[PDB]
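This chain uses plain numbering: 1 for the first residue, then up along the sequence. Whatever order the structure lists ligands and atoms in, that order sets their numbers, starting from 1.
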Amino acid sequence: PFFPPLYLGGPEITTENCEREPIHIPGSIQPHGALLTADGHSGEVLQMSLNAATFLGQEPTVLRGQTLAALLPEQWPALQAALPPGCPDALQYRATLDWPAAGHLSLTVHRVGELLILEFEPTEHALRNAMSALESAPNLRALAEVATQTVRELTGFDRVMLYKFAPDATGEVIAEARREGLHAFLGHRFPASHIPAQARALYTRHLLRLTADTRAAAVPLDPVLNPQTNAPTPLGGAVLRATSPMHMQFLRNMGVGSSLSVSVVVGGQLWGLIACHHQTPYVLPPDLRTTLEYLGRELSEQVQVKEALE
Ligand SMILES: *C/C=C1/C(=C/c2[nH]c(/C=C3[NH+]=C(/C=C4\NC(=O)C(C=C)=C4C)C(C)=C\3CCC(=O)O)c(CCC(=O)O)c2C)NC(=O)[C@H]1C
């Protein structure tokens, strides 16, 4: 059972309790975007990342308590209609905003219970071709190789691996596409503890996560608890959520500045990950993550199909 989070007096995580870190409720985000939470009926802004006012060019005193009706007059009606009470928390509303201070922004919203969680991130044929290349791959090894190469072409990531889970939850790199000069991980195996049980569980439900800068400090939400509930804000579905410090350290020690993975789910089980690295920090574009999500779904389908062919 999970430890309390750090802001509720929980311990700093160590290697004796990796599996007890409540990674879904860090009460903080990555600094390359901003996060607001809002009441699902009134649109009152209930929580904001500490960088939100600066990120959005708003006056801090105005921002909290403000309504989405006032902050987002052009999206609020659409947002309400798209995300009514009781909808799947996987359901998304997305809009592109031309924000004077911030530039071109992507807004992604989902509902958890009575709370709307709004993520603002800068934004900046290929999909169909990629989907068809996966389809047309003749066997599982070729499928793995095509998936890693295609994802690398689309993203420009220094390394893209297909990381397959064994029944004991150890992991193996079974294909990779890599920048010239990077050492090979192909065929290397890693302990189950490096992607602990609660992470593997989360990754069965929320299929993409990333760390854009492995040296960046997390930006707290304020207030840290959802005022509706006096309880933690569920961020398992927020790509902006802070990454486990233990994992961030693991990445820095690998010389990885940016990391992103996409779940491969076969028969409702976590089969593996498309796992990506960059040496420098790197914010992968939002619509481009959408493409990666589609490719993850296609790969998951094709792994099942290819495993059936044998
Ligand atoms: C004591 C806890 C530990 C720990 C925790 C931890 N690890 C993750 C997430 C990931 N770990 C990954 C592992 C690898 N990436 C690689 O490139 C290789 C090897 C070539 C390995 C073994 C991966 C891929 C992830 C997924 C996230 C990503 O793609 O960057 C988490 C969950 C992080 C989060 O979602 O907040 C946690 C808590 N890792 C350890 O090594 C020990 C110290």
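For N230, the CG atom is loosely surrounded, since the number of other residues' heavy atoms within 6.0 Å does not exceed 12.
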Would you mind listing each N/O atom of ligand 1 next to any protein N/O under 3.5 Å, plus the distance?
residue: ligand 1; atom: 7 (N); partner: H194; partner atom: O; Å: 2.9
residue: ligand 1; atom: 11 (N); partner: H194; partner atom: O; Å: 3.0
residue: ligand 1; atom: 11 (N); partner: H247; partner atom: ND1; Å: 3.4
residue: ligand 1; atom: 17 (O); partner: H277; partner atom: NE2; Å: 2.9
residue: ligand 1; atom: 29 (O); partner: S261; partner atom: OG; Å: 2.7
residue: ligand 1; atom: 30 (O); partner: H247; partner atom: NE2; Å: 2.7
residue: ligand 1; atom: 30 (O); partner: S259; partner atom: OG; Å: 2.6
residue: ligand 1; atom: 35 (O); partner: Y203; partner atom: OH; Å: 2.6
residue: ligand 1; atom: 35 (O); partner: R241; partner atom: NH2; Å: 2.8
residue: ligand 1; atom: 36 (O); partner: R241; partner atom: NH1; Å: 2.8
residue: ligand 1; atom: 36 (O); partner: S244; partner atom: N; Å: 3.1
residue: ligand 1; atom: 39 (N); partner: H194; partner atom: O; Å: 3.2

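When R205, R209, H206 are each tested for a side chain to side chain donor-acceptor pair (under 3.5 Å) with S263, only one passes: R209. For the side chain to side chain contact (heavy atoms under 4.5 Å, CB included) with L46, the qualifying choice from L221, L115, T233 is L115, the only one to do so. Between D158 and the choices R152, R178, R179, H277, the side chain to side chain donor-acceptor pair (under 3.5 Å) rule is met once, by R179.
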>> Between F120 and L97, does the side chain to side chain contact (heavy atoms under 4.5 Å, CB included) criterion hold? Intermediate values first, please.
In response: CA-CA 9 Å; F120 298 82; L97 309 174; 3.9 Å; yes

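For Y282 and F157, the distance between ring centers is under 6.0 angstrom.
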